[PDB]
Amino acid sequence: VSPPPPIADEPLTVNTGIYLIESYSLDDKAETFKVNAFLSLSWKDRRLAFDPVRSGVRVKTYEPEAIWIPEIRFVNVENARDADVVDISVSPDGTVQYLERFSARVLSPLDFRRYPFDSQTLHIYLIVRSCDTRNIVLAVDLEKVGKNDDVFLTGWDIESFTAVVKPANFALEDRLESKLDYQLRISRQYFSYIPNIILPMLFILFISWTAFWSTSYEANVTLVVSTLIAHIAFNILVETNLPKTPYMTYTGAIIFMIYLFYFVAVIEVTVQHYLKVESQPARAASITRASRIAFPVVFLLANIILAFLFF
Amino acid sequence: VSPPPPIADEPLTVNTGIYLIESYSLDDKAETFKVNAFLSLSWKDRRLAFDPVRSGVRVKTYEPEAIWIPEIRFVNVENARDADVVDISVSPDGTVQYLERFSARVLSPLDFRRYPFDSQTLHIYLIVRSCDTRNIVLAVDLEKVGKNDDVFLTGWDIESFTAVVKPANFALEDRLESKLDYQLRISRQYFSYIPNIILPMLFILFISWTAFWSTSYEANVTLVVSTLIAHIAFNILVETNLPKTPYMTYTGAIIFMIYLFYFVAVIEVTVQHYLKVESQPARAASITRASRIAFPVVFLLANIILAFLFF
Amino acid sequence: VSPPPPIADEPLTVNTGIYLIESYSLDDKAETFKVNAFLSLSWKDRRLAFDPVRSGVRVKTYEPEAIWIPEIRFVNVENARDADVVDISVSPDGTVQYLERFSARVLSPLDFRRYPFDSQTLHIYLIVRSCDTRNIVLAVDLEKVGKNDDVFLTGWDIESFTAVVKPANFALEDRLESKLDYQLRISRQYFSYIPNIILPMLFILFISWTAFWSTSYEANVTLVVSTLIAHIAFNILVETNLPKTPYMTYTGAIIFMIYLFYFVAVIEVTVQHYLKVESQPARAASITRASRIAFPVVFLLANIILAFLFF
Amino acid sequence: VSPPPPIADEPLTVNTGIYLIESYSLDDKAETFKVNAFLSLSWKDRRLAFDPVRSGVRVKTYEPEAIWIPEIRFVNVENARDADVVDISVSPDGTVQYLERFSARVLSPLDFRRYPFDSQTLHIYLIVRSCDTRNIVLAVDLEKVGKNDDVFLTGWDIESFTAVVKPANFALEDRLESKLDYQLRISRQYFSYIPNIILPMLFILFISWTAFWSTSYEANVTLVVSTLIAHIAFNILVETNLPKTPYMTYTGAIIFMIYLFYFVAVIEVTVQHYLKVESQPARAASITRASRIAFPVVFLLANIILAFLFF
Amino acid sequence: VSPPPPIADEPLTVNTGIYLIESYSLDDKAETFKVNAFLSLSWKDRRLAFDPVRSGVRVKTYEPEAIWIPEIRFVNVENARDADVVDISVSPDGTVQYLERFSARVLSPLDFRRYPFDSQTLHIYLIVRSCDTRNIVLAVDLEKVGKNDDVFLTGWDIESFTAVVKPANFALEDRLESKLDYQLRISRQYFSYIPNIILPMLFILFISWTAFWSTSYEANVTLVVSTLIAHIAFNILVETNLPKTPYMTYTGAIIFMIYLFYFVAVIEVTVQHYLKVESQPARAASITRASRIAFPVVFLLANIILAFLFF
Ligand SMILES: CCCCCCCCCCCCO[C@@H]1O[C@H](CO)[C@@H](O[C@H]2O[C@H](CO)[C@@H](O)[C@H](O)[C@H]2O)[C@H](O)[C@H]1O
Ligand SMILES: CCCCCCCCCCCCO[C@@H]1O[C@H](CO)[C@@H](O[C@H]2O[C@H](CO)[C@@H](O)[C@H](O)[C@H]2O)[C@H](O)[C@H]1O
Ligand SMILES: CCCCCCCCCCCCO[C@@H]1O[C@H](CO)[C@@H](O[C@H]2O[C@H](CO)[C@@H](O)[C@H](O)[C@H]2O)[C@H](O)[C@H]1O
Ligand SMILES: *Cc1c(C)c(=O)n2c(=O)c(C)c(C)n12
Ligand SMILES: *Cc1c(C)c(=O)n2c(=O)c(C)c(C)n12
Ligand SMILES: [Br-]
Ligand SMILES: [Br-]
Ligand SMILES: [Br-]
Ligand SMILES: [Br-]
Ligand SMILES: [Br-]
Ligand code: NA
Ligand code: NA
Ligand code: NA
Ligand code: NA
């Protein structure tokens, strides 16, 4: 058991293919997903070749220990894949067809800038380290790349599973390394965010705006402050589903902006109350009247400016 | 070892059975369940046939490594079954009788549209990959498919555990696979949702309707804003027990509709105050007297419309 | 290695014993507990008998692989017993003495009807599948059943640890099975529930009843609505410590009933206000006075009936 | 492999030593802690003795399997010590010196009566079961019992790490067991409980006492009920850090006593209003004037009583 | 297997290298992180010398079991380094080049004094115990120490990953120990804390300050008491993300000091009302007008003092 020697000075080509059986547990905070797939490996080992006419047998089956198998590891896995060899088949010309079913927790970063209207490119990097004798290079067997029809990822729409055919051949620790980029394209199912977070968040805001058709300070203070407490509950709820990002997200931007609206609604209610008491209810009346228009208008404009800057 | 060779060109039939010992951890969010069971496998191996006279035994026992055992895998498992071999019995005619105990975390999707009055079909998919030498096909021994009477799933009623006798034969990575479907039929114990969520949620909503028999804006603002906040707490409570769906759930639809009632109630409470300050209490009294009948009637009709759409 | 042959037509008796070293992590929601114990097994293997006079030795020690050891399993375990053999000692007459230390996560159902004044009988089921050669039956050596004095289950009182001596012998999948039931009797330490849940829930209820000595609607609405919010927090807290049950638990019934009290207090506070505005304070004052007695009287009588129906 | 035979009838002495490398994860609810340490064992096995002159080596190194090593176990571990043998050295006189690196999750009860001003004695119980051939006894080599200087336990001060030199020899299932007690003495770092829980809790209590300088029932009902609701939040927060105990903790006692204050303050607030409504504001004023002193005085006294009964 | 012999009285030098592939799960409460890296080891074993002309090959490849490998361990790991040998390469002079891929949960203490504007120096300690035969000493091959350009730590910026080349050679349990210190430098991405915690906390504080432009006690009590409860919820939120420290953190100091502001504001609100009721509103007016400046000014200066004391 050693690497097959080169006929010419060319490197050994290991043809690879990942076929997803199950995809599950997409954790946003962890920036990880779990997977259950087939890993297909194919290379030519002439030392294994045989005569089809003399032998009579079309294909030969070997055990992993018996023959040389390349060390294909995963770059971005949390804990090293639970592998189980399914098949090793040699053709008369010495072409080896390897197949293992594995499962791995893959650490792939996410871009939350457009959350919950985001799309992500999940990655699964395959790698091979070349030895002192000869270089090993990875290739994509597009016939052996894919995903089973039923494959679902709770909370997401699965768009594609395609590998980048050209490997990344680079030298790390004075040895050649061949890296392949498999890509799982997914788009988030935003539907639930509308009845459970967005619409409730807007209702409570519109309720704070009924203070603009009220002269009762005590009621207004109750309106604006109670609803601001329910806004904090939602901000908190939202941030528990997401990691701490060094940029603003879309929901994050709306949520923050709404705080300023509360602060101003509070100011307005204070000003209105101060003018009444100072016996200026007509000046106060003019400010509430403008506020009935300004507050929903400036809200609608600011939300457009945001949607534009994010999409 | 190699698979038993065919007499003619027939496929190799492996009779299967699953016997549930324990069922536990139905996790709605992750759409999984844990299982503890027996797995029975049976197949003819002529190379193992023996004469009972010159052996003095009706059956022979073997170690898994001693004979050929079919590579039977599970399709929908989070982590590959923890398996232990119990018994291996070879009859005189060469009929092998395998038995193992396994435990696995199974990934099977759920339909939350009628939550929490829903039923589910839990699947356990058994599979076998065919060989170049010969094609392997799965079968169901109906006398070896069951569950003991003690088997319980916390918060669920276990209805049935049956298998779809006809395997789905198809090609995968240029080899024939034979897939079997074991179906565990469960229905949710909705009981607890009534005194813990449904009724508490209705009581706080009815409590907001007492504002229709009150002339006090300050009081009304307290009644409608404080109950709206307890409703937000139930919305959050409910959505913790469930995953994000691209569809509306039954509970979720009731929960959403109830926010509209709070919004309209705030409007009526607002309108009534405005009219009373404008020295139009007679108009306001008409709106409030109407609301007293309108709010319970519209609620009662809307719930009939929803129960009908969902069931 | 093969099972010992019978002298008469009799089955092989494997004498069992479980000695608890540690008990921990009783999870009410999961309906599981963890244990660390000794599993003692004893049977006669004539093939191992020897002469004490000539051998000089009393006992002969073996490694597990050297001799035949019966296949004893646990029916109700989530994560399979992590075993390590401590001793195998053979007496001159061939009586084998097996002793292993194991740890398992046992799945035993719990009856929450009387929570938090509940008592449970946790079970550990030992099992053995009989061979085609001969039948194996389990038995209890009471001399090797018990527990360490330092055994504690946080939040519980350990009452007893006995075994049901008569095994349950039944036919499962055309083979005989022998089942033993070890019973760990515990009673819940209700103490904490009094100063943390029960009494705080009563204080807030009584605070709602101070509205019966008040003529301020605005104040009463705050009293009953605020305390109802704190009541919900306790309902939520309580139900997070428990699994969803298809029956009413004791605390569950009390917590539910208290909602009816708040609902009726809101009705009274509403009615009293309505009359005051309708310029009928005399009738209002009559209802408020009757409510001062009616509410704590009906609460006391409702609780007596509940305590009676539960205990 | 059997134990060394007794020269005279004396039992075999195994000298033990635990040296802490890392201490982490003290879990109050689970009453566990995790440790990373060296375990050293030393015993005389004459069957291994050698002459330094003839052999030309003063030390002899063996594999665990090659010689006899005592089966030393831990009594109170959840999941059994993950051990890797570092070295086994035999001196010319046959004095075996064994060293291993282990890591275990140790179960050891905690006394919460003085929380968060408490001190704990964590135990690590080493044990040995004797043979039918001969008796085994444990000893402590005080030269090999310690901890690294950088050893820390998050939120705790490490006081000591010593062993109770005299074992606790006893009968278990008619065999001698020698048990040793290693003790890790720790005291909880209470510092952060002060700004995070104690002082916040006192501030909201003192804020409820401002109701005593207010004639406004409506404002008073707000002060006392809102602060009562924040007290429930701290009661809840605190009890999520602790297991349920059948005794009262220090913080628990203060937390409970503080509820009784809230109830009495509600009564005073209620009574004051009643008298004012009855045109008795003079009687009501004297009750409120008494309350202003009585509440802080009865509070400071009851805390003196409590600190005395707890420390 | 035993250590290679020395040519002279020199110790055996083992060259080390750690190459980070993945860094993840920085858990503040636990004071841990998870890493996935390459561990390179290099030492001379002349007993392994060979002739390339005789053997055929220029480099020999071995199985770990076939040769002596130094017992290099990690000091501060919670989860056992899940290791897998990638390559073992022996050159003609006997120079061994060992490559293993590992993953571990490193426990390294964090200083939260400047949280969330803090920086950390995470450590991975390599170690080796010396034999009686000969001493082993660790060394750093700077050419094999590093991290892949993609390495990211969610919520942190990775500054550097270098080693402290001079090992800590010391005595432990009468044997030589050689320790290496690999240091991973990180600075916390404070961005998210501003829109999610810091500014929402300031908005609610300023909302309470509107009570200085109000003569309404019932409203003011609502303003200061409601925002105080929202502050409590932030304090609870902040401390769920942090361990209990025996010192004050920066956020912790601000959070605490802000409660003193809420307490003083309540005092002023109480004073203002008392005077207004005592028929001295002019005095109240002077206290309220001063408060309008004093509260923001004392808040400004207090934060300047704090920021100066912490940074
Ligand atoms: C006045 C202000 C009051 C503030 C109110 C804020 C309410 C906050 C409610 C948080 C609910 C907790 O739930 C938050 O969301 C998702 C579930 O949806 C969690 O996700 C969790 O799901 C499951 C089930 O709960 C857990 O077993 C698992 O450990 C975790 O992955 C986040 O880890 C948690 O942080
Ligand atoms: C306006 C309304 C406001 C409503 C606010 C309600 C607040 C509710 C606070 C919930 C308290 C936190 O929730 C607490 O979480 C811990 C996990 O850390 C759970 O922990 C539990 O786990 C297992 C299940 O895995 C249980 O069998 C076990 O008894 C317990 O240890 C507690 O059962 C839950 O009570
Ligand atoms: C992972 C675990 C997650 C745990 C989640 C914890 C949830 C905590 C929810 C806290 C909800 C607090 O909700 C709080 O209730 C009070 C009850 O008086 C309500 O307060 C209401 O009454 C008071 C009078 O008593 C008024 O001052 C206030 O204006 C009014 O809104 C508020 O609407 C809200 O500030
Ligand atoms: C073809 C075949 C069968 C059925 C079998 O058991 N073995 C193996 O183990 C391999 C993977 C192959 C091929 N064969
Ligand atoms: C003496 C000895 C050794 C060799 C061993 O492993 N154990 C056991 O398992 C027993 C029963 C005895 C004694 N010891
Ligand atoms: Br891998
Ligand atoms: Br499987
Ligand atoms: Br088992
Ligand atoms: Br152990
Ligand atoms: Br290690
Ligand atoms: Na190989
Ligand atoms: Na086989
Ligand atoms: Na055996
Ligand atoms: Na080795």
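- In the PDB archive, X-ray crystallography is given as the structure determination method for this entry, at a resolution of 2.60 Å.

- Labelled according to the PDB entry, chain A appears under the name Proton-gated ion channel, originating from Gloeobacter violaceus.
- Annotation of chain A in UniProt includes, under Subcellular location, the sentence "Cell inner membrane".

## Thoughts on the relation of the copies chain C and chain B
Alright, step 1. Of the transformation placing chain C onto chain B, the axial shift is 0.0 Å and the rotation is 72°, giving an RMSD of 0.3 Å. In the structure described here, the two chain copies are related by an operation that fits a five-fold rotation axis.
Alright, step 2. Interface overlap between copies: only 2% of the residues of chain C at the interface are likewise at the interface in chain B, consistent with a contact formed by different surfaces.

## Quick notes on the site of ligand 3
Alright, step 1. Close to ligand 3 lie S226 and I229 of chain A, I229 of chain B, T222, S226 and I229 of chain C, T222, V225, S226 and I229 of chain D together with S226 and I229 of chain E, which account for all nearby residues.
Alright, step 2. The separation between an oxygen atom of ligand 3 and a polar side-chain atom of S226 of chain C is 2.8 Å.
Alright, step 3. Coverage of ligand 3 by the protein amounts to 50% of the 800 Å² it exposes when considered alone.
Alright, step 4. The element contributing the most residues to the shell around ligand 3 is helix α3 (residues 217-239) of chain D, with 4 residues.
Alright, step 5. Taken together, the residues of the shell around ligand 3 sort by class into 6 nonpolar, 6 polar and no charged.

## Topic: the arrangement of the chains
Alright, step 1. Across the gap from chain A to chain C, with no contact made, the nearest C-alpha atoms are 11 Å apart.
Alright, step 2. Spatially, chain B is disjoint from chain E: no contact exists, and the shortest C-alpha separation is 11 Å.

## Quick word on the sheet that holds strand β7 (residues 119-129) of chain D
Residue and element names in this part refer to chain D.
Alright, step 1. Strand order in the open sheet made by the 4 strands is β4-β7-β11-β10, with antiparallel pairing throughout. Bordering the open sheet on either side are β4 (72-74) and β10 (156-171), each of which pairs with just one other strand. Averaged over all pairs of adjacent strands, the angle between their axes in this sheet comes to 20°, without regard to strand direction.
Alright, step 2. Alignment of β4 against β7, held across 3 bridges, turns out to be antiparallel. Pairing of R73 across the sheet is with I127, part of β7.

## Considering the packing of helix α3 (residues 217-239) of chain A against helix α2 (residues 193-208) of chain E
Alright, step 1. Remark: α3 of chain A packs on α2 of chain E, axes separated minimally by 12 Å, with the N-to-C direction vectors making an angle of 170°. Relative to α2 of chain E, the element α3 of chain A is oriented roughly antiparallel. On the side of α3 of chain A, the interface is formed by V225, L228, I232, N235 and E239 of chain A, while α2 of chain E contributes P195, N196, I197, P200, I204 and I207 of chain E.
Alright, step 2. Tallied by class, the residues present in the contact of α3 of chain A with α2 of chain E amount to 8 nonpolar, 2 polar and 1 charged.

## Comments concerning the domain arrangement of chain A
Residue and element names in this part refer to chain A.
Alright, step 1. We note that the domain assignment places domain 1 (1-192) and domain 2 (193-311) within chain A.
Alright, step 2. For domain 1 and domain 2, the distance between their C-alpha centroids amounts to 51 Å.
Alright, step 3. Taken together, the contact between domain 1 and domain 2 spans 16 residues of the former and 19 residues of the latter.
Alright, step 4. Across the interface of domain 1 and domain 2, roughly 1600 Å² is buried in total on both sides, 60% from carbon and sulfur atoms.
Alright, step 5. Among the residues domain 1 hides against domain 2, the three largest losses belong to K29, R113 and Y115. Together they make up 41% of the total.

## Here we look at the coordination of the sodium ion (ligand 11)
Alright, step 1. Around the sodium ion (ligand 11), the protein contributes the donor atoms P64 of chain A (O) and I67 of chain A (O), at 2.6 to 2.8 Å from the metal centre.
Alright, step 2. Overall, the relative accessible area of 7% leaves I67 of chain A in the buried class.

## Section: the site of ligand 2
Alright, step 1. Within the structure, ligand 2 sits among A233 of chain B together with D27, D28, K29, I229, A233, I236, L237, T240 and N241 of chain C.
Alright, step 2. Surrounding ligand 2 are residues belonging to chains B and C, so the site spans chains.
Alright, step 3. Interatomic distance of 2.7 Å between a side-chain N/O atom of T240 of chain C and an oxygen atom of ligand 2.
Alright, step 4. Between an oxygen atom of ligand 2 and a side-chain N or O atom of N241 of chain C, the distance comes to 3.4 Å.
Alright, step 5. Contact with the protein chains hides 55% of the accessible area of ligand 2, taken as 830 Å² for the molecule alone.
Alright, step 6. Among the elements that line the shell around ligand 2, the one with the most residues is helix α3 (residues 217-240) of chain C, at 5 residues.
Alright, step 7. Split by residue class, the shell around ligand 2 holds 5 nonpolar, 2 polar and 3 charged.
Alright, step 8. Looking at which domains feed residues into the shell around ligand 2, each of domain 1 (1-192) and domain 2 (193-311) of chain C supplies at least three.

Rules used in this analysis
- Chain by chain, residues are numbered from 1 following the written sequence, and this numbering need not agree with the entry; no residue without coordinates is displayed.
- Here every chain gets a letter starting at A, and every ligand a number starting at 1, in the order they are written.
- Side-chain calculation: all heavy atoms of the structure are included, whereas hydrogens and water are not.
- UniProt positions are given in the numbering used here, feature names are shortened, and annotations may be inferred rather than shown by experiment.
- Copies of the molecule are overlaid using a least-squares fit to their C-alpha atoms.
- Throughout, a contact is declared for two residues whenever any of their heavy atoms are within 4.5 Å.
- Near residues are defined by distance, with any heavy atom within 4 Å of the molecule or strand qualifying the residue.
- Nitrogen and oxygen atoms within 3.5 Å of one another constitute a polar contact, given that in protein one can donate a hydrogen and the other can accept it, and given that sequence-neighbouring residues count only through two side-chain atoms.
- Only the protein chains shown count as covering a residue, and every accessible area follows the Shrake-Rupley method with a 1.4 Å probe.
- For helices the rule is a DSSP run of H or I covering at least 4 residues; for strands it is a run of E covering at least 2, with both sets numbered from the N terminus onward.
- Any residue outside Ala, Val, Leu, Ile, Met, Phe, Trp, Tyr, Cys, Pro, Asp, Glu, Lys and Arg is labelled polar, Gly included; the first ten of those are nonpolar and the last four are charged.
- At least two DSSP bridges between two strands are required for those strands to pair.
- The axes are straight lines fitted to the C-alpha atoms, using for helices just the contacting stretch, and the angles between their N-to-C directions are given from 0 to 180°.
- An angle below 35 degrees is read as roughly parallel, one above 145 as roughly antiparallel, one from 65 to 115 as roughly perpendicular, and any other as oblique.
- These domain boundaries are the output of an automatic or database domain assignment.
- Defined in terms of a 1.4 Å probe, buried area is the accessible area two parts forfeit on being brought together, summed over both.
- For Na, K and Ca the donor cutoff is 3.2 Å, while for all other metals N, O and S atoms must lie within 2.8 Å; water is not among the atoms, so some sites may look incomplete.
- Accessible area is worked out with a 1.4 Å probe on protein chains only. A residue is then buried under 20% of its type maximum, exposed over 50%, and partly exposed in between.

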